[PDB]
Every structure is written in structure tokens, then in C-alpha cells.
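Trainee: Encoded as C-alpha cells, here's the structure I'll be asking about.
Don't worry about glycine lacking a Cβ; one is built from the backbone with ideal geometry, like all the others, and counts go over all protein chains shown. Only the coordinates and a few stated rules stand behind these numbers; no lab work does.
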Amino acid sequence: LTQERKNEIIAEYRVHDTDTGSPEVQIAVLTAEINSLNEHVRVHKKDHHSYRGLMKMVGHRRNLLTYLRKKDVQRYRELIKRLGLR
Amino acid sequence: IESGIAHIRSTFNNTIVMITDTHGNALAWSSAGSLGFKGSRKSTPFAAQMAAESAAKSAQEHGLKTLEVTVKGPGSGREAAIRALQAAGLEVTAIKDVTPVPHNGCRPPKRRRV
Amino acid sequence: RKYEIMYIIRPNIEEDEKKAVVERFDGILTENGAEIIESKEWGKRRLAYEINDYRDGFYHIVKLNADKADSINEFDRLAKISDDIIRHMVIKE
Amino acid sequence: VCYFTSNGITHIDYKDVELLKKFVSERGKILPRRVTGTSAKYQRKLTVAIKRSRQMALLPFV
RNA sequence: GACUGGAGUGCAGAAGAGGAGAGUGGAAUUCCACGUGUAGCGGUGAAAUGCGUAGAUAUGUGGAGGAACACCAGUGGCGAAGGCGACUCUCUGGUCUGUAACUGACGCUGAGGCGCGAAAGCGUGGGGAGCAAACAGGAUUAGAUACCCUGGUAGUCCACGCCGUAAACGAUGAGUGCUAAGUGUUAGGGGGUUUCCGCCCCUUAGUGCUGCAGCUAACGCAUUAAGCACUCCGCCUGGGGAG
Ligand SMILES: [K+]
Ligand SMILES: [K+]
Ligand SMILES: [Mg+2]
């Protein structure tokens, strides 16, 4: 996932102008990466080493997502429809 | 008529020695079996010498003074055969290797007692 | 992405034929999503071993930038299929 | 003492046949680190360069 | 509610046989044709079976086919493990180093589930050069349903899908911290000196050797603990029957 696209998708959902280490940012970038990898797997189905890192991204995403849900539920019910989860 | 190439195939079983032209046509050859040996005695430096000498002194049919020698295999008789080809009355110009080594291509057969 | 290419043209080719082939593969590279920044020669130099009865060959270079690499792929298959390129290589910097 | 590390030249190029020929035997074989004085990183890099050159026929196998 | 040493993102760099796909190279085994070419070759502890005057063995030239990839290559790299070594490109994963920018405990384990998972093997269709279970012949032997020789089918290779076992082993569960040293080696960073080079020291993550305490029935482990402690899981309770 390229640096420029990464910068785009962090800066367009950053909670404020300094921030690039929030769960909003991480969950977004992870959704980008896991969707690109879903395509990668649907092409190269038997690259299970890649599928490993896929599932690690998914797990980290779910982890951040549960923390956010516990922290502020409005952020959560916002992000799910802003990103396409659930 | 002036120069030849010698190919020795020395192995742990027998030694063949072939004299040919530089562009690869046979003039003569010999081995321990044509020399008259029948068993493991084929595999010896003495058989190597004798087959080498027979080969060279038939190669003096069309004649030569010089040889380039090419050695193949693990047979111990290469020293004796080369000494034979030097001492028969020919000027062995150079020695070289024909060790047919693959870069891990086709595999060998099994080891013994397995 | 920065791509470099090298290739070898055969000896039995006159200068007009040769420049035509060079320009043609350059066209095939640049007509796609790439732009040749440079393309060069060493000369009709000696090959370390014989591919064919040929033993000399024309060493050429193409320094390039690209994103799509369809240039690279057409160049590759077309140079293999042509009877003029006996060797070519492509590298990412 | 390694050539590249002693000279600061970090890049290696598979086209400098005159400089890579110092590290192939007369029979066409790469040589080891202990014999060439290289270091590990640059010896990997010389392997890669040599092989690319050989495949471009710029150096021989035999 | 607040904070940052945990955890993670960002930022700047570094290595790598990490994985999938497509293509590509030459050695080298075999085979086909053609010259030269004459009676042996092969193999053994001795042989013999076998190939060979319908012409080999070898030698050169050219062509076909597939399998694996010397040197580099190293108690070296990477990977959760299995395992991964010829080259290029594409698509991808993870690791480490430095910063203190950003969030602010978001974490550790993990029953039950889900997937991966050497080699052998199974289904369908190709390929099949070599090696080769089974098998045939020859020896051996008291006998030889074997070692040994000559041949040789399944297979080995590919695509797809099953099988889900292993001396699958570091026979050593994952995580955190603490507790002497010496020395190689890999990937980094910092500083003193010096014309760079080069030497030195400090530090991070690995990987190995030898060793203090301590533990251990001992062998031995020893900052890559089999030490000192905490969390979590799995498993054991005499041998066999019996996996
Ligand atoms: K099968
Ligand atoms: K193993
Ligand atoms: Mg199998």
C-alpha cells in the first residue's frame, strides 16, 4: 500500500490535524490493506503466508474496534458506516 | 598424422584409452579386456599402462609425435596411463579433465548395502 | 518505478536493419505507459560463450521509468519471439 | 580487508565485467569469502551481480 | 478522569533461499540421427544375468525430452511451524534498528472452533529424463520370499482436490521481568581517533561456542536457563493389554 495513498487515507479521517496514530486511522488503513489482500488471495489462493498476515491485520482491526466501542460508542457507530464494516 | 588427442576413461572397474584426431575421428583404442584381462585386474595401473602402450603403438599407424590427454573418472590408473603415453615415444602436450560433473541435476543411484 | 533493461542483438544485421529494430522496441516501450529516459550501446562485443554459431553481439541498454510494466511484458515476449534478440534482461532499481 | 567496504563503493553493477572477473576462477567459478577478502553483504551482492552477468553472457560458466 | 516504560500507528533507514504466479539459462543423466570406429562393455568379494559384429563401449556434431539447480554456501538469512537455495518481473506477508511525532493499557494466554501442515498415499488428466518400492533374472547362502548385480511398474514432477501422520525433535509450550563473565558471527544505530580507510568502546534484535552463581538423579542448562518469580493453556500419574 503506497505511501501517498496511505497519507491520503490517514489525513482524511484523522480526528485532528496532528494525529496519525488514532484507532480511526489504524482501522481505516487496515481496511484498505485487508481489502487489497482479499483481492490478492482471490487471485493467489494458495499464498497462505500472505493469508497469515491478512488474518493478523483483521485481528488487530477487531481489537482496535472493540477498544473504540468500549471507549466511545458514537465513534464506533460512525466508523462502521463510514468504512463499510458489519 | 602429426598430433592426436587421447581420451582415457578410468574407473574403479576398467580403463579404456582411445586415440583420435583433433576433430574427433577414431583411429584406434584399447582396454584391459582387449589386452587380455578378465576381472578386477582390469582396474589396475599395470593394465592401464599396457592398454595405453598398445593404443599408442597402433596410433603410430598414421603416425604422430604429440598428444593432448583428457582424463575421465576416478580410476587410479590415470597416472600410469599418462606415464605410458609419455614414455611410449610421444610428446604429451597437455593433460585436461573430462570429469562429467552435474550441477546437481539427475540424481545418482543408491548407496551400497542399504 | 525505475526499470533498467539490457539486451543483445545478433551479429548478422546491417546498420539500417539494426537501428530499425532498436527504434522499434523503443517505440514498443514508450507507446505504452513508460518514457525512455535513455537508451545506449556498448558495442559489438564478445560473448563469454556461444548461444548459436554467433559469438559476437550488440550490447544495448535502456534506462526507463514506468508503472504499468506492460511495456516490459510486450518487450519481453516480442523480443523472445523475434529472431534478432537472443538475450534480454529487465531489472528494478 | 574487503574491497568494497574498504573503498566505500557500496553499489555493485553486473556490467563491470572487468572488475567482477577478479572473483571468478579461470574455470568460471565464484570464489569464497575467505579467499576473496569480501564481507557477507557484498559477497551476496557479488553473487547476484555475477549471476546476472553470466545470464547476459557477460561472464562464462566454464 | 489523567499519564506513558507495555501495546500499536506515523516518520527515516537496513537485511533477507518468507510465500504465489509467469517467464527465462546452462551445466549434466538419458534418448534419436549421422560420421570415425573394432570386439568388447558393464559389474563384483569373486562372478554371472545383461548390452554388443543387425556394430556397440567410446568420440564429435546437431536435435528432443523432462528433473534438480555446483561454486557462492557458512553451528549464515528468513519463516508460526512444516520448510524455503539458478535468474528476472509482478503481487504480497512479516522482522529489526533509530525517533519520541500520534493513540493512550488498546494487552498476555487461549478451552471449544478455523486454517496451515515433511514424505508416503488416494481421485481425475497430463508429463515421465533419471532414481525406484513391487516384480523378473543372476549370484549369495544350509535356505535367502534380503543385503549384492543387471533390468524394471507404481510412484517421484505438474494442475485441482483429499489425506492431516512424523525421531512433525531444541524429544525443551506462549508471554513478562530479574540474576556474573569471555568470544565468534549476522543485521543496525551512537560516540572517540584518524585523510577516508582502519581501530576502539557503548547499545538494540538474532545466532553459535565456553563458562560463575543457582537448579538438576546425574548427564548437563547457564541473559537463546533446564535459574529466580507471576499469568495462561495443554498434558502425566507403574509396565503391558492398547493407542
Ligand atoms: K497421483
Ligand atoms: K524437522
Ligand atoms: Mg506427495
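Trainee: How far is helix A:48-71 tilted, in degrees, relative to the longest principal axis of the Cα atoms in chain A, given as a value from 0 to 90 rounded to the nearest 10?
Mentor: The two axes meet at around 20 degrees.
Trainee: Over chain A, consider all pairs of different Cα atoms and compute the Kirkwood hydrodynamic radius from their mean reciprocal separation; express it in Å, one decimal.
Mentor: After inverting the pairwise mean of 1/r, the radius is 13.7 Å.
Trainee: Quick one: work out the % antiparallel among DSSP beta bridges in the protein assembly as shown, nearest 5.
Mentor: 75
Trainee: I need the Kirkwood Rh of the protein assembly as shown: take the reciprocal of the average 1/r across all distinct C-alpha pairs and report it in angstrom.
Mentor: With all distinct Cα pairs of the protein assembly as shown included, I get 27.5 Å.
Trainee: P(r) of chain B in 5 Å steps, Cα pairs, percent per bin?
Mentor: Result, from short to long distances: 2, 13, 23, 22, 16, 11, 7, 4, 2, 0, 0 percent.
Trainee: HN-Hα J couplings of segment C:66-72 from phi, Karplus 6.51/-1.76/1.60, θ = phi - 60°, integer Hz, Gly and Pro as x?
Mentor: My calculation for segment C:66-72 gives 5, 10, 8, 6, 4, 4, 4 Hz in order.
Trainee: For helix A:73-83, what angle does its Cα long axis make with the longest principal axis of chain A, in degrees from 0 to 90 and rounded to 10?
Mentor: Orientation of helix A:73-83: about 40 degrees from the principal axis.
Trainee: Further, regarding this structure: Cα centroid distance between segment D:6-22 and segment A:10-73, in Å?
Mentor: Result: 43 Å between the Cα centres.
Trainee: In whole percent, what relative contact order does chain C give with Cα contacts below 8 Å and a gap of six or more residues?
Mentor: Answer for chain C is 48 percent.
Trainee: Determine the relative contact order of chain A: mean sequence separation of Cα pairs under 8 Å and six or more apart, normalised by residue count, in whole percent.
Mentor: Computed over chain A, the figure is 24 percent.
Trainee: Using the crude model of +1 on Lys and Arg Cβ and -1 on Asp and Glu Cβ, and no other charge, please compute the dipole size for chain A relative to its Cα centre, in debye to 20.
Mentor: The dipole magnitude comes to about 600 debye.
Trainee: May I have the extent of the alpha carbons of chain D along their three principal axes, as whole Å values ordered from largest to smallest?
Mentor: Over chain D, Cα extents along the principal axes are 29, 21, 17 Å.
Trainee: Here is a follow-up. Using only the alpha-carbon atoms, how far is helix B:45-59 inclined from the longest principal axis of chain B? Give it as 0 to 90 degrees, nearest 10.
Mentor: With rounding to tens, the tilt is 40 degrees.
Trainee: About the Cα centre, and with charges only on the beta carbon of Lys, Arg (+1) and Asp, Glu (-1), how big is the dipole of chain D? Nearest 20 debye, please.
Mentor: Using only the charged Cβ atoms, the result is roughly 280 debye.
Trainee: Each label point is 7 Å from the Cα along the Cα-to-Cβ direction; what then is the distance between the points at residue A:51 and residue D:36, in nm?
Mentor: For the pair residue A:51/residue D:36, the computed spacing is 4.0 nm.
Trainee: Can you give the net charge of the other residues whose Cβ lies under 15 Å from the Cβ of residue B:18, counting K and R as +1 and D and E as -1?
Mentor: That sum, taken over residues with Cβ under 15 Å, equals +1.
Trainee: For segment A:1-79, what is the number of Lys pairs with C-alpha distance below 30 angstrom, counting only pairs 8 or more positions apart or on separate chains?
Mentor: Number of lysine pairs found: 9.
Trainee: Compute the separation of the alpha-carbon centres of segment B:7-65 and segment C:47-63 and state it in Å as a whole number.
Mentor: Centre-to-centre distance over Cα atoms comes out at 41 Å.
Trainee: If you take all C-alpha pairs in segment C:28-74, what percent of them are over 15 Å apart?
Mentor: 55
Trainee: Given Cβ point charges of +1 (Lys, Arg) and -1 (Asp, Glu) and nothing else, what value in debye, to the nearest 20, does the dipole of chain B about its Cα centre take?
Mentor: Computed about the Cα centre, the dipole is about 1020 debye.
Trainee: Once phi is turned into θ = phi - 60°, what whole-Hz ³J(HN,Hα) does the Karplus curve with 6.51, -1.76 and 1.60 give for every residue of segment A:31-38, x standing for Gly and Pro?
Mentor: Whole-Hz 3J(HN,Hα) from phi for segment A:31-38: 5, 4, 5, 6, 6, 4, 6, 4.
Trainee: With θ taken as phi - 60° and the coefficients 6.51, -1.76 and 1.60, list the Karplus ³J(HN,Hα) couplings across segment C:28-45 in order, rounded to whole Hz; mark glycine and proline as x.
Mentor: Each residue of segment C:28-45 in turn: 5, 6, 8, 5, 9, x, 8, 9, 5, 7, 7, 7, 8, 9, 8, x, 6, 9 Hz.
Trainee: Assuming 0.36 nm per residue, please report the length gained on full extension of the stretch residue A:69 to residue A:81 beyond their Cα-Cα distance.
Mentor: 2.9 nm
Trainee: Return the long-range amide H neighbours of residue C:87 (sequence gap of 5 or more, or a different chain), with a cut-off of under 5 Å between placed amide H atoms.
Mentor: Here C:8 satisfy the definition.
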